[PDB]
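S.K.: CSV, C-alpha atoms, file input07.csv:
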```
chain,number,residue,atom,x,y,z
A,766,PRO,CA,29.3,-37.7,-13.4
A,767,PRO,CA,32.0,-35.6,-15.2
A,768,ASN,CA,35.5,-37.3,-15.1
A,769,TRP,CA,36.1,-40.8,-16.4
A,770,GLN,CA,38.6,-42.2,-13.8
A,771,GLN,CA,36.2,-40.9,-11.1
A,772,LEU,CA,33.7,-43.6,-12.2
A,773,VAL,CA,36.0,-46.6,-12.2
A,774,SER,CA,37.4,-48.0,-9.0
A,775,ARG,CA,41.1,-47.0,-8.7
A,776,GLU,CA,42.0,-50.6,-8.0
A,777,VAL,CA,40.8,-51.9,-11.4
A,778,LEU,CA,42.5,-49.0,-13.1
A,779,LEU,CA,45.8,-50.5,-11.9
A,780,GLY,CA,45.2,-53.3,-14.2
A,781,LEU,CA,44.6,-51.3,-17.4
A,782,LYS,CA,47.2,-50.6,-20.0
A,783,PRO,CA,48.2,-46.8,-20.3
A,784,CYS,CA,46.9,-46.8,-23.9
A,785,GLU,CA,43.7,-48.4,-22.7
A,786,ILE,CA,43.3,-45.5,-20.2
A,787,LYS,CA,43.6,-43.0,-23.1
A,788,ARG,CA,41.0,-44.9,-25.1
A,789,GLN,CA,38.6,-44.6,-22.2
A,790,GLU,CA,39.3,-40.9,-21.8
A,791,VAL,CA,38.5,-40.2,-25.5
A,792,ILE,CA,35.4,-42.4,-25.6
A,793,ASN,CA,34.3,-40.4,-22.5
A,794,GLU,CA,35.0,-37.1,-24.3
A,795,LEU,CA,32.6,-38.2,-27.0
A,796,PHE,CA,29.9,-39.1,-24.5
A,797,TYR,CA,30.4,-36.1,-22.3
A,798,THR,CA,30.4,-33.4,-25.0
A,799,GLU,CA,27.3,-35.1,-26.4
A,800,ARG,CA,25.6,-34.6,-23.1
A,801,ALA,CA,26.8,-30.9,-23.1
A,802,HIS,CA,25.3,-30.6,-26.6
A,803,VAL,CA,22.0,-32.0,-25.6
A,804,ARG,CA,21.9,-29.5,-22.8
A,805,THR,CA,22.5,-26.6,-25.2
A,806,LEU,CA,19.8,-27.7,-27.4
A,807,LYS,CA,17.4,-27.8,-24.4
A,808,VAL,CA,18.3,-24.1,-23.8
A,809,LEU,CA,17.2,-23.1,-27.4
A,810,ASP,CA,14.1,-25.2,-26.9
A,811,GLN,CA,13.1,-24.3,-23.4
A,812,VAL,CA,14.2,-20.6,-23.1
A,813,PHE,CA,13.3,-19.5,-26.7
A,814,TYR,CA,11.2,-21.8,-28.7
A,815,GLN,CA,8.7,-23.2,-26.2
A,816,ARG,CA,8.2,-19.8,-24.5
A,817,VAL,CA,7.7,-17.7,-27.7
A,818,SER,CA,5.4,-20.3,-29.1
A,819,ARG,CA,3.3,-20.1,-25.9
A,820,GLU,CA,3.2,-16.3,-26.1
A,821,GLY,CA,2.0,-16.4,-29.7
A,822,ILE,CA,4.2,-13.5,-30.8
A,823,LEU,CA,5.3,-15.3,-34.0
A,824,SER,CA,3.2,-16.6,-36.9
A,825,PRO,CA,3.4,-20.3,-38.0
A,826,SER,CA,5.8,-19.1,-40.8
A,827,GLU,CA,8.1,-17.0,-38.6
A,828,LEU,CA,8.4,-19.8,-36.2
A,829,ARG,CA,9.4,-22.1,-39.1
A,830,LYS,CA,11.8,-19.6,-40.5
A,831,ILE,CA,13.5,-19.1,-37.1
A,832,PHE,CA,13.6,-22.6,-35.5
A,833,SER,CA,12.7,-25.0,-38.3
A,834,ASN,CA,13.4,-28.5,-37.3
A,835,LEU,CA,14.8,-27.7,-33.8
A,836,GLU,CA,12.4,-30.4,-32.4
A,837,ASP,CA,14.0,-33.2,-34.5
A,838,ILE,CA,17.6,-32.2,-33.9
A,839,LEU,CA,16.7,-32.1,-30.3
A,840,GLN,CA,15.1,-35.7,-30.2
A,841,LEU,CA,17.9,-37.0,-32.4
A,842,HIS,CA,20.7,-35.9,-30.0
A,843,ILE,CA,18.7,-37.0,-26.9
A,844,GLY,CA,18.3,-40.5,-28.5
A,845,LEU,CA,22.0,-40.5,-29.4
A,846,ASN,CA,22.9,-39.5,-25.8
A,847,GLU,CA,20.6,-42.2,-24.4
A,848,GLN,CA,22.4,-44.9,-26.6
A,849,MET,CA,25.8,-43.6,-25.3
A,850,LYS,CA,24.5,-43.9,-21.7
A,851,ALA,CA,23.4,-47.5,-22.4
A,852,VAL,CA,26.8,-48.4,-23.8
A,853,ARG,CA,28.2,-47.6,-20.3
A,854,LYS,CA,25.4,-49.4,-18.5
A,855,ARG,CA,26.6,-52.7,-20.1
A,856,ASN,CA,29.0,-53.4,-17.2
A,857,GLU,CA,29.4,-52.1,-13.6
A,858,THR,CA,33.1,-51.5,-14.2
A,859,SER,CA,32.3,-48.2,-16.0
A,860,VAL,CA,35.1,-49.4,-18.3
A,861,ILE,CA,33.7,-49.5,-21.8
A,862,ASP,CA,34.8,-52.4,-24.1
A,863,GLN,CA,34.1,-52.5,-27.8
A,864,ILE,CA,32.4,-49.5,-29.5
A,865,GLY,CA,33.1,-49.6,-33.2
A,866,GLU,CA,29.8,-51.3,-33.9
A,867,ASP,CA,27.9,-48.7,-31.9
A,868,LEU,CA,29.6,-45.9,-33.8
A,869,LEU,CA,28.6,-47.6,-37.0
A,870,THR,CA,25.0,-47.8,-35.8
A,871,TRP,CA,25.0,-44.1,-34.8
A,872,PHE,CA,26.9,-42.7,-37.9
A,873,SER,CA,26.3,-45.0,-40.8
A,874,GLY,CA,23.3,-46.5,-42.5
A,875,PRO,CA,20.0,-45.2,-41.2
A,876,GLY,CA,21.8,-43.4,-38.4
A,877,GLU,CA,23.9,-41.4,-41.0
A,878,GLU,CA,20.7,-40.6,-43.1
A,879,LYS,CA,18.7,-39.4,-40.2
A,880,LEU,CA,21.6,-37.1,-38.8
A,881,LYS,CA,22.7,-35.8,-42.1
A,882,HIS,CA,19.2,-34.8,-43.3
A,883,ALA,CA,18.1,-33.4,-40.0
A,884,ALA,CA,21.3,-31.4,-39.5
A,885,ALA,CA,21.2,-30.3,-43.2
A,886,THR,CA,17.8,-28.8,-42.7
A,887,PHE,CA,18.5,-27.1,-39.3
A,888,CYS,CA,21.9,-25.8,-40.3
A,889,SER,CA,21.2,-24.7,-44.0
A,890,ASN,CA,18.4,-22.7,-42.6
A,891,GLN,CA,20.6,-20.7,-40.3
A,892,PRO,CA,21.2,-17.7,-42.5
A,893,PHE,CA,17.4,-17.5,-43.1
A,894,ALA,CA,16.7,-17.9,-39.4
A,895,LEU,CA,19.3,-15.3,-38.2
A,896,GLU,CA,17.9,-12.7,-40.7
A,897,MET,CA,14.3,-13.4,-39.6
A,898,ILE,CA,15.3,-12.9,-36.0
A,899,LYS,CA,16.8,-9.4,-36.9
A,900,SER,CA,13.8,-8.5,-39.0
A,901,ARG,CA,11.3,-9.4,-36.2
A,902,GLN,CA,13.5,-7.5,-33.7
A,903,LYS,CA,13.4,-4.5,-36.0
A,904,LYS,CA,9.6,-4.5,-36.7
A,905,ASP,CA,8.0,-6.1,-33.7
A,906,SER,CA,8.4,-4.6,-30.2
A,907,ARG,CA,6.9,-7.7,-28.6
A,908,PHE,CA,9.5,-10.0,-30.1
A,909,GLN,CA,12.4,-7.6,-29.3
A,910,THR,CA,11.1,-7.6,-25.7
A,911,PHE,CA,10.8,-11.4,-25.7
A,912,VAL,CA,14.3,-12.0,-27.0
A,913,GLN,CA,15.9,-9.5,-24.7
A,914,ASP,CA,14.2,-10.9,-21.7
A,915,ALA,CA,15.1,-14.5,-22.7
A,916,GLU,CA,18.7,-13.7,-23.3
A,917,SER,CA,18.9,-12.3,-19.8
A,918,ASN,CA,18.2,-15.9,-18.5
A,919,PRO,CA,21.5,-17.2,-16.9
A,920,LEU,CA,21.2,-20.4,-19.0
A,921,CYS,CA,22.2,-18.3,-22.0
A,922,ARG,CA,25.5,-17.5,-20.4
A,923,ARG,CA,25.5,-13.9,-21.9
A,924,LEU,CA,25.1,-15.2,-25.4
A,925,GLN,CA,22.5,-14.1,-27.9
A,926,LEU,CA,20.0,-16.3,-29.8
A,927,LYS,CA,22.0,-15.7,-32.9
A,928,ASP,CA,25.1,-17.1,-31.1
A,929,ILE,CA,23.4,-20.3,-29.7
A,930,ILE,CA,21.8,-21.4,-32.9
A,931,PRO,CA,25.1,-22.1,-34.6
A,932,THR,CA,25.9,-24.8,-32.0
A,933,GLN,CA,24.4,-27.6,-34.2
A,934,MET,CA,26.8,-26.9,-37.1
A,935,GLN,CA,29.8,-26.7,-34.7
A,936,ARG,CA,28.9,-30.1,-33.2
A,937,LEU,CA,28.9,-31.7,-36.5
A,938,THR,CA,32.5,-30.4,-37.2
A,939,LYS,CA,33.5,-32.2,-33.9
A,940,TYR,CA,32.4,-35.8,-34.6
A,941,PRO,CA,35.2,-36.6,-37.1
A,942,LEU,CA,38.0,-35.6,-34.7
A,943,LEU,CA,36.4,-37.3,-31.7
A,944,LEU,CA,36.2,-40.6,-33.6
A,945,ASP,CA,39.7,-40.2,-35.1
A,946,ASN,CA,41.0,-40.0,-31.5
A,947,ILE,CA,39.1,-43.1,-30.4
A,948,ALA,CA,40.7,-44.8,-33.4
A,949,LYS,CA,44.1,-43.6,-32.4
A,950,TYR,CA,44.0,-45.4,-29.1
A,951,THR,CA,42.3,-48.6,-30.4
A,952,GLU,CA,44.9,-51.3,-30.7
A,953,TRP,CA,43.1,-54.3,-32.2
A,954,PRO,CA,42.6,-54.1,-35.9
A,955,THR,CA,38.9,-55.2,-36.4
A,956,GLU,CA,37.7,-52.8,-33.8
A,957,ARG,CA,39.9,-49.9,-35.1
A,958,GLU,CA,38.8,-50.4,-38.7
A,959,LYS,CA,35.2,-49.9,-37.6
A,960,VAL,CA,36.0,-46.8,-35.6
A,961,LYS,CA,37.8,-45.3,-38.6
A,962,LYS,CA,35.0,-46.3,-41.0
A,963,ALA,CA,32.4,-44.4,-38.7
A,964,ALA,CA,34.9,-41.5,-38.6
A,965,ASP,CA,34.8,-41.3,-42.4
A,966,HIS,CA,31.0,-41.5,-42.5
A,967,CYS,CA,31.0,-38.5,-40.0
A,968,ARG,CA,33.2,-36.7,-42.5
A,969,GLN,CA,30.7,-37.6,-45.3
A,970,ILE,CA,27.8,-36.3,-43.1
A,971,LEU,CA,29.7,-33.1,-42.4
A,972,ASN,CA,30.4,-32.6,-46.1
A,973,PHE,CA,26.7,-33.1,-47.0
A,974,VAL,CA,25.7,-30.6,-44.4
A,975,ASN,CA,28.3,-28.1,-45.4
A,976,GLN,CA,27.2,-28.3,-49.1
A,977,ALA,CA,23.6,-27.7,-48.2
A,978,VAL,CA,24.8,-24.7,-46.1
A,979,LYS,CA,26.6,-23.2,-49.1
A,980,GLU,CA,23.6,-23.7,-51.4
A,981,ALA,CA,21.5,-22.0,-48.8
A,982,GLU,CA,23.8,-19.0,-48.0
A,983,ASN,CA,23.7,-18.3,-51.8
A,984,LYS,CA,19.9,-18.3,-51.9
A,985,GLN,CA,19.5,-16.2,-48.7
A,986,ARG,CA,21.9,-13.6,-50.2
A,987,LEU,CA,19.6,-13.4,-53.3
A,988,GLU,CA,16.5,-13.3,-51.2
A,989,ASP,CA,18.1,-10.2,-49.5
A,990,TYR,CA,19.0,-8.7,-52.9
A,991,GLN,CA,15.5,-9.5,-54.1
A,992,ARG,CA,14.1,-7.6,-51.1
A,993,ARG,CA,16.3,-4.5,-51.6
A,994,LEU,CA,15.5,-4.4,-55.4
A,995,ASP,CA,13.9,-1.1,-56.4
A,996,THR,CA,11.8,-0.9,-59.6
A,997,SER,CA,10.6,2.7,-59.1
A,998,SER,CA,11.2,3.9,-62.7
A,999,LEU,CA,9.1,1.1,-64.3
A,1007,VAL,CA,8.2,-3.7,-70.3
A,1008,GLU,CA,6.2,-6.1,-68.1
A,1009,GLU,CA,8.9,-8.8,-67.6
A,1010,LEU,CA,11.3,-6.3,-66.0
A,1011,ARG,CA,9.4,-4.7,-63.2
A,1012,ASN,CA,8.2,-8.1,-61.8
A,1013,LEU,CA,11.8,-9.4,-62.0
A,1014,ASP,CA,12.4,-12.2,-59.5
A,1015,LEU,CA,16.1,-12.9,-58.8
A,1016,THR,CA,15.1,-15.8,-56.5
A,1017,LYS,CA,13.7,-18.0,-59.3
A,1018,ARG,CA,17.2,-18.6,-60.6
A,1019,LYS,CA,20.5,-19.4,-58.8
A,1020,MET,CA,23.3,-16.8,-58.5
A,1021,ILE,CA,26.7,-17.7,-59.9
A,1022,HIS,CA,28.7,-14.5,-59.5
A,1023,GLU,CA,28.6,-11.0,-58.1
A,1024,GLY,CA,30.8,-7.9,-57.8
A,1025,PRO,CA,31.5,-4.2,-58.3
A,1026,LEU,CA,31.6,-3.3,-62.1
A,1027,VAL,CA,31.7,0.2,-63.6
A,1028,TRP,CA,29.5,1.2,-66.7
A,1029,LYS,CA,31.1,3.5,-69.3
A,1030,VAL,CA,27.9,4.9,-70.9
A,1031,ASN,CA,29.9,7.7,-72.6
A,1032,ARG,CA,33.5,9.0,-72.3
A,1033,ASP,CA,32.0,11.8,-70.1
A,1034,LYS,CA,29.8,9.7,-67.8
A,1035,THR,CA,30.2,6.6,-65.6
A,1036,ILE,CA,27.6,4.6,-63.5
A,1037,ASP,CA,29.1,2.7,-60.6
A,1038,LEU,CA,27.4,-0.7,-60.5
A,1039,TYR,CA,27.0,-3.7,-58.4
A,1040,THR,CA,26.3,-6.5,-60.9
A,1041,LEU,CA,24.9,-10.0,-60.6
A,1042,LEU,CA,25.6,-12.9,-62.9
A,1043,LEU,CA,22.6,-15.3,-62.5
A,1044,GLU,CA,21.8,-18.6,-64.3
A,1045,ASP,CA,20.3,-17.0,-67.3
A,1046,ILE,CA,20.6,-13.2,-67.0
A,1047,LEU,CA,23.2,-10.6,-66.1
A,1048,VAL,CA,21.7,-7.9,-63.9
A,1049,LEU,CA,22.9,-4.4,-63.6
A,1050,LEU,CA,22.1,-2.6,-60.3
A,1051,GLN,CA,23.1,0.7,-58.6
A,1052,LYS,CA,24.1,1.0,-54.9
A,1053,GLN,CA,22.0,3.9,-53.7
A,1054,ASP,CA,22.1,3.8,-49.9
A,1055,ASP,CA,20.1,0.6,-48.9
A,1056,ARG,CA,18.4,0.0,-52.3
A,1057,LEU,CA,19.5,-1.8,-55.4
A,1058,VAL,CA,18.0,0.0,-58.4
A,1059,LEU,CA,16.8,-1.6,-61.7
A,1060,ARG,CA,16.7,1.3,-64.2
A,1061,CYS,CA,18.3,2.7,-67.5
A,1075,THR,CA,16.4,2.0,-74.4
A,1076,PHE,CA,19.3,0.2,-72.8
A,1077,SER,CA,18.0,-2.6,-70.5
A,1078,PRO,CA,19.7,-3.3,-67.1
A,1079,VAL,CA,18.7,-7.0,-67.6
A,1080,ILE,CA,20.8,-8.7,-70.3
A,1081,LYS,CA,19.5,-12.1,-71.5
A,1082,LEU,CA,22.6,-14.4,-71.6
A,1083,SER,CA,20.9,-16.3,-74.5
A,1084,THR,CA,22.0,-13.5,-76.8
A,1085,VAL,CA,25.3,-12.4,-75.3
A,1086,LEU,CA,28.8,-12.3,-76.8
A,1087,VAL,CA,31.7,-11.1,-74.7
A,1088,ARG,CA,35.1,-9.8,-75.8
A,1089,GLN,CA,38.1,-8.2,-73.9
A,1090,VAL,CA,38.9,-4.6,-74.8
A,1091,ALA,CA,42.4,-3.9,-76.3
A,1092,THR,CA,42.3,-0.1,-75.5
A,1094,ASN,CA,41.1,-0.9,-70.3
A,1095,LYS,CA,40.7,-4.4,-68.6
A,1096,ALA,CA,37.0,-4.1,-69.3
A,1097,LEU,CA,34.7,-6.1,-71.4
A,1098,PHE,CA,32.1,-5.6,-74.2
A,1099,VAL,CA,29.0,-7.4,-73.3
A,1100,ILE,CA,27.0,-7.5,-76.4
A,1101,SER,CA,23.3,-8.3,-76.5
A,1102,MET,CA,21.7,-9.5,-79.8
A,1103,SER,CA,18.1,-8.8,-80.7
A,1104,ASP,CA,16.4,-9.4,-84.1
A,1105,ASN,CA,17.3,-5.7,-84.7
A,1106,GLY,CA,21.0,-5.6,-84.1
A,1107,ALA,CA,23.3,-5.1,-81.1
A,1108,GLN,CA,23.6,-2.9,-77.9
A,1109,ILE,CA,27.0,-2.8,-76.3
A,1110,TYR,CA,27.7,-2.5,-72.6
A,1111,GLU,CA,31.3,-1.5,-71.7
A,1112,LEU,CA,31.8,-2.8,-68.1
A,1113,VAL,CA,35.0,-2.2,-66.3
A,1114,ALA,CA,36.2,-4.3,-63.3
A,1115,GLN,CA,38.7,-3.2,-60.7
A,1116,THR,CA,41.5,-5.7,-61.6
A,1117,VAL,CA,42.6,-7.8,-64.5
A,1118,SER,CA,42.2,-10.9,-62.4
A,1119,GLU,CA,38.5,-10.4,-61.6
A,1120,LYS,CA,37.4,-9.5,-65.2
A,1121,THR,CA,38.9,-12.8,-66.3
A,1122,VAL,CA,36.6,-14.5,-63.9
A,1123,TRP,CA,33.7,-12.3,-65.1
A,1124,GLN,CA,34.4,-13.2,-68.7
A,1125,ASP,CA,35.0,-16.8,-68.1
A,1126,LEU,CA,31.8,-17.2,-66.1
A,1127,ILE,CA,29.5,-15.1,-68.3
A,1128,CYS,CA,30.6,-17.2,-71.3
A,1129,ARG,CA,30.1,-20.5,-69.2
A,1130,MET,CA,26.5,-19.5,-68.4
A,1131,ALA,CA,25.9,-18.0,-71.9
A,1132,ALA,CA,27.0,-21.1,-73.7
A,1133,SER,CA,25.0,-23.3,-71.3
A,1134,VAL,CA,21.7,-21.6,-72.2
A,1135,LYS,CA,22.4,-21.6,-75.9
A,1136,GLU,CA,23.2,-25.3,-75.5
A,1137,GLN,CA,19.9,-26.2,-73.8
A,1138,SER,CA,18.1,-25.0,-77.0
```
Before we go any further, please render this structure as structure tokens.

M.R.:
Amino acid sequence: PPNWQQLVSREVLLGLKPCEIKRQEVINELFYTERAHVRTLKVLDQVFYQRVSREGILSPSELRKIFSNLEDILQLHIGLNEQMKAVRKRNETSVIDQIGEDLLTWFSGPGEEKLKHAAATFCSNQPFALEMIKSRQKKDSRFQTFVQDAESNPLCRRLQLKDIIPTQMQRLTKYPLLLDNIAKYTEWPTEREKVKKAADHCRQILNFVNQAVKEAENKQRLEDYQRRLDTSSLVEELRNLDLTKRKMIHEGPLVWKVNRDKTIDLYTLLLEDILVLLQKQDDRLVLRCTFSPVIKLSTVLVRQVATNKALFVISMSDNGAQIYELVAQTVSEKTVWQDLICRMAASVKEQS
């Protein structure tokens, strides 16, 4: 059933406090939107994952990169939904009594660990999964066809695969507010304290998931940059350069004053241990030039320039020094560039 007061006899509702009616309504919101959530996840599963897997269009690795641990977030939310159903089945009144302890079972201890790890895996994979969907649409007619057919299913409600997948992350943003509202209409202190504790755990879970998502969006950006990387001009280190084997710390548009007469417009990447100088030539990102486009941070000294708001990046070999004059677009950003290059440069020189 959908409404709460529809369940309960009207003649037992007469006896409930107003605040107690609000409590029931908000517990019912948590239960109801969990059922809605489950239903959404069965759409991903039934319309997309199960069908495509049966058609054999995707490889084991493409499947994994698109859907990952869909199966476990599914079983998790069905189990959670079943436990919510059972809480109601405890009395024929359809009036729910105490719930703090259930919320603590669902969202702390092993319940917290299971949800946060499963959601962290599904959700942190999202940028990888959305890009793999586009790349298979772009390269494989059979999967483009499959996806277009599937999204025509009414269960999709005119929404694309790319738009349904993000339903897991959204759900996790909702738990804290749902539990705060239950707490709000909980009068008696021992019960309320439990509700609010579970609410804070839901916040902890969300923060763990969010941080994994951030880590992952940074890696998928790199993986994209690593794909577009064009070593056409290339001694051996440089042409096999793999951005993905270190984390990216910063990126932006710099300029490169090679002479007074000439200027190479760059897009530049500060990584853990190297600064990387690239050129935006249509789709590609070019690694080219005795002046290397990869500057080892282990040798770098940086200094502001008295005469634009540029910097001298100065690489030290056993010979002497090369100097890159790199000019950012504002004063504010070159202070970030300077501050971060030096942070990373002094970190590598420290680890020696």

S.K.: Skip range 885-892 of chain A itself and residues of its chain fewer than 6 positions away, then list as a VMD selection string all residues within 6 Å of it, counting all atoms listed in the file.

M.R.: chain A and resid 834 934 974 977 to 978 981

S.K.: I'd like the neighbourhood of residue 802 in chain A as a list in words, where a residue qualifies if any of its atoms comes within 10 Å (using only C-alpha atoms), though same-chain residues fewer than 6 positions away should be ignored.

M.R.: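 Surrounding residues, per the criterion: residues 796, 808, 839, 842, 843, 846, 932, 933 and 936 of chain A.
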
S.K.: So how far away is CA of residue 881 in chain A from CA of residue 840 in chain A, in Å?

M.R.: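 Straight-line distance from CA of residue 840 in chain A to CA of residue 881 in chain A works out to 14.1 Å.
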
S.K.: If we count all atoms listed in the file, what is near residue 915 in chain A at a cut-off of 12 Å, once residues fewer than 6 positions away on the same chain are taken out, given as a PyMOL selection string?

M.R.: chain A and resi 808-817+908-909+921-926

S.K.: Just checking: using only C-alpha atoms, which residue out of A:1018, A:939, A:903, A:800 ends up closest to residue 1042 in chain A?

M.R.: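 Closest to residue 1042 in chain A of all the choices is A:1018.
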
S.K.: Can you measure CA of residue 838 in chain A to CA of residue 973 in chain A for me? One decimal in Å is fine.

M.R.: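 Computing the Euclidean distance for CA of residue 838 in chain A and CA of residue 973 in chain A yields 16.0 Å.
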
S.K.: Between A:971, A:1025, A:1137, A:943, single out the one closest to residue 1119 in chain A, counting all atoms listed in the file.

M.R.: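 Among A:971, A:1025, A:1137, A:943, it is A:1025 that comes nearest to residue 1119 in chain A.
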
S.K.: From the options A:1116, A:775, A:941, A:900, which residue's atoms come nearest to residue 972 in chain A, counting only C-alpha atoms?

M.R.: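 Ranking A:1116, A:775, A:941, A:900 by distance to residue 972 in chain A, first place goes to A:941.
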